[PDB]
Amino acid sequence: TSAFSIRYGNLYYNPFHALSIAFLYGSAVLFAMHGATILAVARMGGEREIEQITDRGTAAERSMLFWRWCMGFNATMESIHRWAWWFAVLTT
Amino acid sequence: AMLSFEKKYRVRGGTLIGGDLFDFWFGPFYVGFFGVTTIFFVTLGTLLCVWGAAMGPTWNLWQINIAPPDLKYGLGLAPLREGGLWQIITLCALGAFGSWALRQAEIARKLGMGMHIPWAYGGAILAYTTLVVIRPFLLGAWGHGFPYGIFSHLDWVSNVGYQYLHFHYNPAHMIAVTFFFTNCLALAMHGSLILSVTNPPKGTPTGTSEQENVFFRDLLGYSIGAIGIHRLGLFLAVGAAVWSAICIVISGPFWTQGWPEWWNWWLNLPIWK
Amino acid sequence: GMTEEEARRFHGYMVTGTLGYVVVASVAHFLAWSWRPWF
Amino acid sequence: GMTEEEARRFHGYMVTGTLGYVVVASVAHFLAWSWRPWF
Amino acid sequence: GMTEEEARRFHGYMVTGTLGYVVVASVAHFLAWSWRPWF
Amino acid sequence: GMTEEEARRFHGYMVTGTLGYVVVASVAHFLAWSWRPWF
Amino acid sequence: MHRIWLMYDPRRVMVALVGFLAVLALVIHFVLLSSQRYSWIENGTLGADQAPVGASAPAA
Amino acid sequence: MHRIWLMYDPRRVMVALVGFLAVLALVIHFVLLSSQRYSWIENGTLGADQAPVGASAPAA
Amino acid sequence: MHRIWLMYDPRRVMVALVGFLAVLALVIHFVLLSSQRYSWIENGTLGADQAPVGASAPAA
Amino acid sequence: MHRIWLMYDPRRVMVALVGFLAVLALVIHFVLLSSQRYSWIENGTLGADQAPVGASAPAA
Amino acid sequence: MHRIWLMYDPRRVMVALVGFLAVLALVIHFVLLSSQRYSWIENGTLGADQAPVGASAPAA
Amino acid sequence: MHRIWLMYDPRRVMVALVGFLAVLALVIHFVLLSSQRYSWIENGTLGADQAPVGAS
Amino acid sequence: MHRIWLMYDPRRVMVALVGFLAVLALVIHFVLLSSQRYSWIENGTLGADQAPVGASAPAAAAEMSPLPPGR
Amino acid sequence: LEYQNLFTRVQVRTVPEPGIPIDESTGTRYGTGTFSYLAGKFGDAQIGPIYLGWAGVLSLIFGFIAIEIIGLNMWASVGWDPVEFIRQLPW
Amino acid sequence: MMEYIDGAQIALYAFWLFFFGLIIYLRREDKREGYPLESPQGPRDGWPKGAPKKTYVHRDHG
Amino acid sequence: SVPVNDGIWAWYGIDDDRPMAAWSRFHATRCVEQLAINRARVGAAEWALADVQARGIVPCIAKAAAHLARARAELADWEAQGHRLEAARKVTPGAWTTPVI
Amino acid sequence: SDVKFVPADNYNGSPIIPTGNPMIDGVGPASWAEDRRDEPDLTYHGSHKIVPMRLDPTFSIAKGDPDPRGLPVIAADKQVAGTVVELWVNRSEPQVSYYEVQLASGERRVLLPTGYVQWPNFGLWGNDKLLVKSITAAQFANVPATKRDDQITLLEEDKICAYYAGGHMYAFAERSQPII
Ligand SMILES: CCCCCCCCCCCCCC(=O)OC[C@H](COP(=O)(O)OCC(O)COP(=O)(O)OC[C@@H](COC(=O)CCCCCCCCCCCCC)OC(=O)CCCCCCCCCCCCC)OC(=O)CCCCCCCCCCCCC
Ligand SMILES: CCCCCCCCCCCCCC(=O)OC[C@H](COP(=O)(O)OCC(O)COP(=O)(O)OC[C@@H](COC(=O)CCCCCCCCCCCCC)OC(=O)CCCCCCCCCCCCC)OC(=O)CCCCCCCCCCCCC
Ligand SMILES: CC[C@H]1c2cc3[nH]c4c(c3C)C(=O)[C@H](C(=O)OC)c4c3nc(cc4[nH]c(cc(n2)[C@@H]1C)c(C(C)=O)c4C)[C@@H](C)[C@@H]3CCC(=O)OC/C=C(\C)CCC[C@H](C)CCC[C@H](C)CCCC(C)C
Ligand SMILES: CC[C@H]1c2cc3[nH]c4c(c3C)C(=O)[C@H](C(=O)OC)c4c3nc(cc4[nH]c(cc(n2)[C@@H]1C)c(C(C)=O)c4C)[C@@H](C)[C@@H]3CCC(=O)OC/C=C(\C)CCC[C@H](C)CCC[C@H](C)CCCC(C)C
Ligand SMILES: COC(C)(C)C/C=C/C(C)=C/C=C/C(C=O)=C/C=C/C(C)=C/C=C/C=C(C)/C=C/C=C(\C)CC/C=C(C)/C=C/C=C(\C)C(=O)O
Ligand SMILES: COC(C)(C)C/C=C/C(C)=C/C=C/C(C=O)=C/C=C/C(C)=C/C=C/C=C(C)/C=C/C=C(\C)CC/C=C(C)/C=C/C=C(\C)C(=O)O
Ligand SMILES: COC(C)(C)C/C=C/C(C)=C/C=C/C(C=O)=C/C=C/C(C)=C/C=C/C=C(C)/C=C/C=C(\C)CC/C=C(C)/C=C/C=C(\C)C(=O)O
Ligand SMILES: COC(C)(C)C/C=C/C(C)=C/C=C/C(C=O)=C/C=C/C(C)=C/C=C/C=C(C)/C=C/C=C(\C)CC/C=C(C)/C=C/C=C(\C)C(=O)O
Ligand SMILES: CCCCCCCCCCCCO[C@@H]1O[C@H](CO)[C@@H](O[C@H]2O[C@H](CO)[C@@H](O)[C@H](O)[C@H]2O)[C@H](O)[C@H]1O
Ligand SMILES: CCCCCCCCCCCCO[C@@H]1O[C@H](CO)[C@@H](O[C@H]2O[C@H](CO)[C@@H](O)[C@H](O)[C@H]2O)[C@H](O)[C@H]1O
Ligand SMILES: CCCCCCCCCCCCO[C@@H]1O[C@H](CO)[C@@H](O[C@H]2O[C@H](CO)[C@@H](O)[C@H](O)[C@H]2O)[C@H](O)[C@H]1O
Ligand SMILES: [Fe+3]
């Protein structure tokens, strides 16, 4: 792995390597954010995500509002799992 | 504008500092006292970054490079054009990230949520603080921090790694990498499973926790369950950042030789010396 | 959704606007060719 | 939504603003051209 | 929202303030030009 | 909520404290200036 | 032909079309601007016979 | 043949067809643009006798 | 053509148009400011005969 | 013309406008301050005959 | 002009103002302190005849 | 003039003000402390004519 | 100060005490075992006058330097 | 001090362990469910039966032989010395 | 014979067009709940406009 | 494994649930706590049996009866400890004035 | 007068203020999804997902864990609220979803979600009382009732969970105020 980057003149400047890193880091960002979010509302059944997707409870509403009020936009209880899926898939 | 269900949640209270004084929204955003300090540090830091670009050789986004001072300045503030600007921007960064975590705590308290998100973010702040505060302090000069520039900081990462000849052999780095890779695998499985029960093939009924549990158990042999996978994802993602902080703080302050020769202890265990 | 008479009224604007755009682009190539032919 | 008389009214301002903008851009280009031609 | 009478009143302040700002900026360019012309 | 006479009482303290601080800081600058002037 | 606008919503198609033409035009302009022959911002004032031309087949 | 439009929704097929054609055209154009023989932006004016040709000799 | 404002809400179209024009104007100015010939903040006072020109094809 | 404020809340337009003008002014000042000719903090006391000018095209 | 305080909550316009002035003041002081001509902390006691002036290269 | 305390509860201002001034005083001291002319911990005894001047 | 035994479960205080003494003992032993002067497993039989002492001042030669020249 | 949901103090167990619901052909479930107390404290407790089918069985045979070739070449490279096979394994 | 344009650059803009397409799609999916927004000026959709709220078919009995 | 009530401290030999015939203040404290809990646990178990008998669901009645019997057995185990500590409390001089059971 | 809250003032981003008791009216952190479906959650086989353990004979406590039944519940004011008398279990993913608490100060039994219970010493030892930081012992008397005692609807789950969630802001007046 190290010698491959040496031979081809430093893989840090490969822009698809840089993209892959951004998605590798983003996968850690998202699972930290989403893991923490669901545990913060698990007192209200937020971990029952399929039920929250089919029958939105206050646990889903509060996790949407946390991120909206924090960073100005939010996902849904379903679509957060699409963000997760794509960030992982785009890494490789 | 507000979500269709949002208005009843927009109560007063839950602040840590300031009380009612800043307890209001601006568009979607909650403000609060730490919102005010967030915007202050973000603005001051960002404009000093633009000033760093202006006095540097190019406006090309990829090439802008605000570098720390020479090591000779030790723990003092250097002249601003000689790396003192990087030091002022670093204080703004620490203020902005700390204000962000405390604002997250105020938001979570207002919603009756647990404090998991602020503390999970603390893992990332710990890694940043290790890179620019703790490790440079243990080495005795702020010039050991990384430069602020989209590609010049990758040059720093390259050179720091080769300061230890073969940084892959760093044992904490191997653990940190394993957490990062395992996290990305686990995130792909969790995303896939929830989507595949909630979006089954056309004409199939919506899936259930039981189907998710059965499938997962054929993948790993055991059921993780609903709260378990979110505990795992949090453990993996935050552990990755914590082991990253460990792997860089031991490189220099505690281990100075090449990393391959650290493994000499394994070769000399008495059962096979 | 549109009635067929609405689709028919839209279609004539859409065709005319497309052909109008292609006519303007044809002049742009006439000018570009006069300045620096690519063949 | 709009009533069609409101749509008719708004369009007249929109066309005039687009014209006024294109006129200012046309002067800007001819100033630039006479300062430093690009063909 | 606003009454059309309130829209007229605000428009008066808004146009006047916009033009006042442009007047101050035009003087700032007069001074800047006198000191170091860019063309 | 605070009453206007409470606000007036605090304001007298807050002005006096601020001005006392500024007075002390001015003496500190006088000592610093005497020891090593910066202009 | 018009029944296409029953299969597709013209509100979506027209925004899709505007986005496509925007991207395509920018791609063609930036490809040309990066070339030698058509880097018109630097070399637009050159006459057609003075403008750069790619090298011929090799001759020996 | 028209039973194809009964098996598959034409609305879905048309997007796939246009997607396939757009990608295939872009692939072929940039492959030619990357060649020496057909790099038409730089060398389109050369004329066929002096356009590049790939190396002949199997030997000698 | 005014019924384009019945297809699309003018309040939304104008925000999108203002957004588009702002980004486009900044792009074009930054392209010109990156060039040599139109680096006007440094060389704006040069005469049109003095401004940089990109190189021509070399004579045979 | 005033009916633009029936369409847009003036309270929101003034926020957008002040934000836009603030960033634009900071952009233009930092661009000039990064230039050689208008780095007025270091060189503002030079006369206009003394101020830097970018390179001419050489004559041949 | 006092109608500004009806449109906007004065409690928080005034926080925004004080924040903006504080940021702006700090930016300008750090900019001047970065310069050579106005590094007052180290060169503040120099008279204007001694104070640095930036110039371009003499371009002989 | 006192009515700003009807807008801003003074007990919640004064805690904020103290933090701002504490940070500002620390920043100014450290800027001076590592300048050449004002590094008083190491050159404070010099006297005004001997103190460095940033000429160049 | 025997009222300290009213403040805590005495069984747990003994467990904490034994831990503290054991850990502090091991700290001081391995510190000494790492020193030159008290590396007793290797040099324990040396006489007190023969045992190492840390230098009061190393010498130098003016051209020599322990560190490479820097920037 | 507020309950953090990171650990479960009280697990419950069902005397039967759930099975696979449907489509048992061309392949069958191996084993039967059992409970792990440690896994049940991290997350859910049932270590399950498992599914292979034709593709799973063949995958394991091919993958075993691959790993067997890797390990035997590693072990041959230290001259079949089983102490060096462990001592030097990561090299 | 294009000097500046190369395959790695061509691939990278291909990716950017896909990626900005993907962000749009995800932001449409993110609006299936809670939208349109309430505002004192009436409903607001943001941009892009959200995909419609899904209805979920439950398992018929069990 | 660790016992439920002393948990981590059972690794260090603190184990106050064990059958104790000597007087010991630590075991007496534990026994008073565990008696109150187990009396309440029996009271709950027989309320549960009565409820399930009202519903008439035989396999649930069977289990609720088995649970009640088990809860009674655990209470008897603590009452045995209470009495044997009571016997010791009367004679060991330093012991509590209040009964253990 | 039946609107549960009013704006604190007329400016665009201002908070709302509850008109009544917000824990009971369901405002702020005490609010619940009022539109949520008033039916039980169901298993893959269509049986009620969440039921008292007394009504499913296959369930039991894991051998190493404490049995919560009979333990006292200690509320936010450190008073005893009651004792646990029943467990409710999730039958899709076997776990305890609720304790059922017999109140000491009345005749009610109320549900207590597991996410609101802390064990002494983080459960490392003791394991002999339950700690409920969210609400005071008096506030237990108003915990929302379920229509039946053998099943719980998705709406009742939301109401009960929201009630305890509100106590972290509303149980004592000081909890709403800043720390400094
Ligand atoms: C990572 C990179 C960056 C970060 C990058 C990533 C982040 C990106 C953020 C993107 C922008 C977010 C914008 C937003 O959230 O807006 C919410 C609001 C919601 O609609 P609303 O609810 O109806 O709006 C509120 C309004 O109705 C009532 O406002 P309120 O009463 O609550 O508060 C007052 C305002 C301030 O008041 C004014 O602005 C009016 C002042 C009078 C102007 C008169 C003319 C002067 C002319 C002088 C000429 C000159 C004379 C010479 O806001 C506040 O009070 C905000 C909270 C307090 C302040 C926060 C603390 C700040 C402290 C530090 C100081 C910071 C200094 C910058 O929406 C709107 O108002 C409409 C949209 C506004 C767009 C604003 C951004 C425009 C940026 C343009 C970029 C252009 C690029 C070239
Ligand atoms: C590196 C690989 C991985 C990189 C990974 C990066 C992932 C980034 C994902 C997140 C980006 C989107 C963030 C977002 O959706 O914010 C909500 C906001 C507004 O829509 P809404 O939330 O549905 O509705 C609310 C609004 O309509 C009314 O709200 P209110 O009246 O209360 O407040 C006033 C308005 C004023 O509007 C704004 O200020 C919007 C300004 C947005 C500027 C930033 C765009 C960044 C695009 C990045 C993608 C890419 C752009 C090229 O609303 C607000 O105040 C909303 C404030 C939202 C603040 C969001 C700040 C996000 C900054 C992200 C910077 C990321 C830098 C990487 O949305 C927008 O304004 C439009 C965003 C459209 C999605 C981006 C798609 C870009 C595709 C390519 C261009 C398409 C051209 C047609
Ligand atoms: C701990 C596990 C991972 C993690 C988790 C995590 N990150 C988080 C969170 C969590 C749980 C949040 O809650 C928080 C958030 O709100 O996300 C939306 C956040 C967040 N993670 C972010 C980014 C991020 N996380 C990263 C990493 C990680 N985040 C870890 C791997 C990285 C990496 C590896 O590069 C980045 C870039 C932000 C999107 C957000 C925190 C936002 C924040 O702090 O906002 C306030 C500050 C600003 C908006 C700007 C400050 C500007 C400065 C004043 C000036 C610039 C100085 C800077 C040092 C220059 C750097 C230049 C570079 C080119 C080097
Ligand atoms: C999206 C990108 C991330 C990702 C995704 C990902 N990986 C995946 C998946 C997904 C979504 C799976 O579904 C799949 C999987 O099964 O997950 C559990 C997998 C997988 N990811 C794997 C690993 C892996 N993923 C990695 C990375 C990542 N995976 C990315 C970060 C890495 C890294 C970082 O290097 C590794 C090493 C595997 C655990 C698994 C695929 C398993 C597989 O293919 O196994 C084939 C079988 C063998 C090698 C043989 C094993 C033989 C045993 C010794 C038993 C022998 C028994 C007997 C002797 C023979 C049989 C006898 C017969 C008679 C029965
Ligand atoms: C670098 O070089 C490389 C890249 C390598 C080289 C290769 C390049 C390649 C492969 C290029 C491919 C190009 C291409 C392929 O398809 C290009 C195709 C382009 C197309 C299709 C263009 C179409 C334009 C159509 C337009 C503009 C329509 C406008 C319509 C208007 C204005 C009317 C709107 C409606 C109204 C007003 C009605 C309102 C009233 C109503 C509703 C009422 O009254 O009801
Ligand atoms: C690498 O290539 C590079 C180098 C980049 C080169 C290539 C660049 C390229 C490809 C450029 C393309 C450019 C382009 C393509 O189309 C550009 C197209 C531009 C366009 C369309 C501009 C249109 C502007 C219109 C304006 C300003 C209108 C203003 C209207 C106003 C003010 C009135 C508003 C209404 C009012 C006041 C009434 C309210 C009444 C109401 C409400 C009532 O009555 O109710
Ligand atoms: C490096 O070079 C690069 C940068 C690259 C080159 C490119 C540059 C580019 C592209 C620049 C574009 C610039 C631009 C384009 O248009 C710039 C446009 C600027 C504009 C429009 C400015 C407008 C200013 C308006 C002002 C100040 C209004 C003030 C209003 C006031 C005072 C009154 C408020 C109301 C009051 C007091 C009463 C309320 C009554 C009420 C409520 C009642 O009565 O009810
Ligand atoms: C490197 O160079 C760079 C840094 C770059 C250069 C630039 C620097 C810059 C830009 C600096 C800006 C500085 C600045 C700008 O404004 C600084 C502003 C300073 C200010 C405003 C200070 C104010 C201080 C106020 C004080 C101390 C008040 C004390 C009050 C007291 C004690 C009484 C309180 C009341 C009580 C107790 C009530 C009792 C009775 C009660 C209750 C009853 O009776 O009921
Ligand atoms: C050739 C095959 C290679 C396979 C390599 C496998 C390596 C596996 C190593 C596992 C090491 C686990 O080590 C464990 O890491 C976690 C990471 O969170 C540390 O935990 C740390 O982070 C967590 C957050 O996640 C904090 O809450 C905690 O306070 C802190 O200690 C543990 O203290 C440590 O014991
Ligand atoms: C350089 C520019 C070249 C021309 C650019 C293209 C635009 C030309 C517009 C002016 C010429 C007339 O253009 C013509 O307008 C009429 C209405 O006026 C449109 O007509 C449309 O609406 C009418 C009703 O009003 C319908 O009956 C008709 O079926 C429909 O197509 C035509 O579709 C268009 O062809
Ligand atoms: C007269 C002797 C009688 C028998 C003595 C038996 C001694 C047994 C070993 C004593 C030392 C064990 O080591 C000591 O363990 C205690 C147990 O709480 C630890 O104590 C600490 O950690 C434990 C977990 O590990 C926490 O639960 C506890 O709250 C904290 O105080 C000390 O940090 C450690 O130093
Ligand atoms: Fe999830």
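Just the heavy atoms: all of them, side chains too, but no hydrogens, waters or symmetry mates, feed the values below. Read the numbers this way: they start at 1 and go in the same order the structure lists the ligands and their atoms. Every chain is numbered from 1, with letters handed out A, B, ... down the list of sequences.
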Tell me the nearest of [options] to [atom], using heavy-atom distances.
atom	options	answer
atom 17 (C) of ligand 2	O/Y25, A/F73, A/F23, A/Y25	A/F73
atom 25 (C) of ligand 1	Q/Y11, B/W25, B/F26, B/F24	B/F26
atom 15 (C) of ligand 5	G/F20, C/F10, G/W5	G/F20
atom 22 (O) of ligand 2	O/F19, O/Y35, O/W47	O/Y35
atom 15 (O) of ligand 2	O/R28, O/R27, A/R68, O/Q41	O/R27
atom 76 (C) of ligand 1	I/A22, E/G17, B/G45, J/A16	J/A16
atom 3 (C) of ligand 1	B/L44, B/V36, B/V42, B/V31	B/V42
atom 19 (C) of ligand 5	C/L19, G/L21, H/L32	G/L21
atom 2 (C) of ligand 1	J/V18, B/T46, I/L26, B/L47	B/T46

Within-cutoff protein neighbour (heavy atom, under 4.0 Å) for [atom]:
atom	answer
atom 84 (C) of ligand 1	yes
atom 67 (C) of ligand 2	no
atom 11 (C) of ligand 1	no
atom 7 (C) of ligand 5	yes
atom 53 (O) of ligand 2	no
atom 60 (C) of ligand 1	no
atom 39 (O) of ligand 2	no

Got the closest protein heavy atom to [atom], with its distance?
atom	answer
atom 21 (C) of ligand 5	G/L17 CD1, 4.5 Å
atom 62 (C) of ligand 1	B/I39 CG2, 3.9 Å
atom 28 (C) of ligand 1	K/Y8 CD2, 3.7 Å
atom 37 (C) of ligand 5	I/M1 CG, 3.7 Å
atom 9 (C) of ligand 5	G/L24 CD1, 4.5 Å
atom 41 (C) of ligand 5	I/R3 CB, 4.0 Å
atom 36 (C) of ligand 5	C/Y13 CB, 3.9 Å
atom 45 (O) of ligand 5	C/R9 NH2, 2.7 Å
atom 65 (C) of ligand 1	K/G19 C, 3.3 Å
atom 2 (O) of ligand 5	H/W40 CZ2, 4.4 Å
atom 55 (O) of ligand 1	K/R12 O, 3.2 Å
atom 28 (C) of ligand 5	C/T18 OG1, 3.4 Å

| request: Please identify which atoms of ligand 2 are closer than 4.0 Å to at least one heavy atom of B/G27. | output: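 Answer, ordered by atom number: 32 (O).
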| request: With heavy atoms of B/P28 as the reference, note each atom of ligand 2 found under 4.0 Å away. | output: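 It comes down to these atoms of ligand 2: 32 (O), 33 (O), 55 (O).
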| said: Geometry only, no angles: is K/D9 polar-contacting ligand 1 at N/O separations under 3.5 Å? | reply: yes
| query | Does ligand 1 have an atom that lies less than 4.0 angstrom from a heavy atom of J/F20? | reply |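 Yes, J/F20 has a heavy atom closer than 4.0 Å to ligand 1.
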| Under 4.0 angstrom from ligand 1, any heavy atom of J/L24? |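 The answer is no: ligand 1 sits nowhere under 4.0 Å from a heavy atom of J/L24.
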| task | Check if O/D30 has a non-hydrogen atom at a distance under 4.0 Å from any atom of ligand 2. | result | no
| query | Mind checking whether O/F20 has an N or O less than 3.5 Å away from an N or O of ligand 2? | reply | no
| field | N or O pair under 3.5 Å between O/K31 and ligand 2 | value |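 For ligand 2, there is an N or O atom that lies under 3.5 Å from one belonging to O/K31.
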Heavy-atom distances under 4.0 Å are what count here, so tell me which part of [X] touches ligand 2: side chain, backbone, both or neither.
X	result
O/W16	neither
A/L19	neither
O/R44	neither
O/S39	neither

| What class does the angle between the rings of B/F33 and B/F22 fall in, given that below 30° is parallel, 30 to 60° is tilted and above 60° is perpendicular? | tilted
| task | Take the angle between the ring planes of O/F20 and O/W16 and call it parallel below 30°, perpendicular above 60°, tilted in between. | result |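 O/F20 vs O/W16 ring planes: parallel.
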| Side chain or backbone of B/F29 under 4.0 Å from ligand 1, or both, or neither, by non-hydrogen atoms? |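 Side chain only; the backbone of B/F29 stays clear of ligand 1.
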| request: Give the contacting part of J/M14 toward ligand 1: side chain, backbone, both or neither, where contact means a heavy-atom distance below 4.0 Å. | output: side chain
| Quick one: does G/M14 get a heavy atom under 4.0 Å from ligand 5? |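 In this structure, G/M14 qualifies as a contact of ligand 5 - some heavy atom is under 4.0 Å.
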| query | Does some non-hydrogen atom of G/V18 fall short of 4.0 Å from ligand 5? | reply |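 Flag not set, G/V18 not near ligand 5.
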| salt_bridge(H/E42, G/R37) N-O dist < 4.0 Å |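 No.
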| field | For J/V23, the ligand 1 atoms whose distance to one of its heavy atoms is below 4.0 Å | value |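 So the atoms of ligand 1 that pass are 82 (C), 83 (C), 84 (C).
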